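First the structure, in the form of structure tokens, and then the observations on it.
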Amino acid sequence: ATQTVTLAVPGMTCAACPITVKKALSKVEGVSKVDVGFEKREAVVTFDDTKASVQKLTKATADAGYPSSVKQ
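Counting in the authors' numbering, the sequence shown runs from 1 upward without gaps.
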């Protein structure tokens, strides 16, 4: 189903790895809405499999050093 929920974004204390995880979600396919940041370590976004998938987004995210995860 679509992906409109909270997402965990690694990096946290990374010099700025999560700063990318945010875009990573709204940058891959399925994007729709976004709310993520490295200021701490939280990736809230609303994307959807209409043209992508959760593993796809996170996969492309974990493939750039800054990944993500699902959360509620």
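We put the CB at the ideal spot given by N, CA and C, even for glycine.
Measure the alpha-carbon distance for residue i versus residue j and round it to whole angstroms.
i          : j          : result
residue 62 : residue 68 : 7 Å
residue 75 : residue 71 : Because the chain in this structure spans residues 1 to 72, residue 75 falls outside the shown range and cannot be described.
residue 52 : residue 26 : 11 Å
residue 3  : residue 14 : 25 Å
residue 18 : residue 33 : 17 Å
Could you tell me which residues DSSP pairs with residue i in its beta bridges?
i          : result
residue 69 : 8
residue 43 : 7, 36
When you compare the CB positions of residue i and residue j, do they come within less than 8 Å of one another, or not?
i          : j          : result
residue 6  : residue 66 : no
residue 1  : residue 49 : yes
residue 29 : residue 56 : yes
For the alpha helix (DSSP H) holding residue i, just list the boundary residues, first then last.
i          : result
residue 51 : Counting along the chain, residue 51 falls outside any alpha helix (DSSP H), and DSSP gives it neither H nor E.
message = Which complete beta strand (DSSP E) runs does the segment 8-41 hold, if anything under 3 residues is left out?
response = 33-37
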